[PDB]
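Number of protein chains: 2
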Amino acid sequence: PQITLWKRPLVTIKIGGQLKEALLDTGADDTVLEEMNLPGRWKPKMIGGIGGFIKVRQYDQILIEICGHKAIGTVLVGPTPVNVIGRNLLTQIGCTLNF
Amino acid sequence: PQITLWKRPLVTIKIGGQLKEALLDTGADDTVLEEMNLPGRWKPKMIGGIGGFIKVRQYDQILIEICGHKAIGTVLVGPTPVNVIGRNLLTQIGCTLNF
Ligand SMILES: CCC(CC)CN(C[C@@H](O)[C@H](Cc1ccccc1)NC(=O)O[C@H]1CO[C@H]2OCC[C@H]21)S(=O)(=O)c1ccc([C@@H](O)CO)cc1
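Heads up: the sequence lines are chains A and B, in that order. Heads up, the final residue of the first sequence is numbered 99 in PDB author numbering, and it's a clean run with no missing numbers. Heads up, the final residue of the second sequence is numbered 99 in PDB author numbering, and it's a clean run with no missing numbers.
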């Protein structure tokens, strides 16, 4: 679809069989979701931005369906302020900015 | 223009005749610029990043030119590592997300 930006670009995602709401975030290199259980092994990672860094659990090659489009990639899980879909997955669903 | 997300969506902006590089960031409600000594009145503000909050100065009615489109609105100035153009200005230039 084409999504305008008068509202936060929040969309429903499906990950680990669970539905969640996440923000399409072109300013995020990476996808970061709030704490949750996901199957498979994870590695501890640090991710940083404004304010500094947080500790996250890195899950690789995770299926995630974003507004009906499938992606398989890295998902970071931790105490993020907001569920954000970053460019690592936005590229997979073919998302571009246009004006 | 169409901007893919293989790399950070950095564009040149003009603010006060000064040219800067900034992210087109659908994840930011408002525009956040690196420290710059703008004249005029401002009001204090706190914004929450992935690593916690920082203090910024809110300037209103600031003109920013983005790829031939002029936008005017709120700009937050503070110790951010990156210039980000937020939805408050992206909407004015007709920017959408598309997939
Ligand atoms: C996830 C944080 C989101 C939460 C919605 C909020 N931020 C936007 C987000 O795009 C941010 C931009 C960015 C900041 C620093 C360095 C590089 C990019 N990128 C980001 O942190 O990404 C993480 C994850 O991937 C990594 O790559 C880049 C860093 C890693 S913000 O800048 O802190 C912010 C907060 C409040 C407001 C107010 O206006 C109200 O919205 C406006 C803007």
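Just so it is clear, CB atoms sit at the ideal spot from N, CA and C, and this is done for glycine as well.
So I47 (chain A) packs on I54 (chain A), CB below 8 Å; how close in whole Å?
6 Å
Could you tell me which chain A residues have their CB closer than 7 Å to the CB of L23 (chain B), listed as they occur along the chain?
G27
May I ask you to check if the CB of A28 (chain B) is nearer than 7 Å to at least one heavy atom of ligand 1?
yes
When you compare the CB positions of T80 (chain B) and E34 (chain B), do they come within less than 8 Å of one another, or not?
yes
Quick check on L76 (chain A) - is its C-beta less than 8 Å from some C-beta in chain B?
no
Compare the Cα-Cα distances from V82 (chain B) to each of B:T31, B:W6, B:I3, B:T96 and report the closest residue.
The shortest CA-to-CA distance from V82 (chain B) to any of B:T31, B:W6, B:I3, B:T96 is the one to B:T31.
Which residue's Cα is closest to the Cα of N37 (chain B): B:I93, B:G94, B:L97, B:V77?
B:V77
Buried or exposed by the 16-neighbour rule on C-beta atoms within 10 Å, applied to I85 (chain B)
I85 (chain B) should be labelled buried.
Helix, strand or coil: how does DSSP classify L90 (chain A) here?
Looking at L90 (chain A) - three-state DSSP - the assignment turns out to be helix.
By Cβ distance, which residues of its chain are closer than 7 Å to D60 (chain B), with the 5 residues on each side in sequence left out?
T74
Compare the C-beta of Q18 (chain B) against all C-beta atoms of chain A and say whether one is closer than 8 Å.
no
Rounded to the nearest angstrom, how far is the Cβ of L24 (chain B) from that of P9 (chain B), given a contact under 8 Å?
4 Å
Rounding to the nearest angstrom, what Cα-Cα distance links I66 (chain B) and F99 (chain B) in this structure?
If you draw a straight line from the Cα of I66 (chain B) to the Cα of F99 (chain B), it is about 23 Å long.
For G17 (chain A), which of A:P39, A:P1, A:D29, A:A28 has the nearest alpha-carbon?
A:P39
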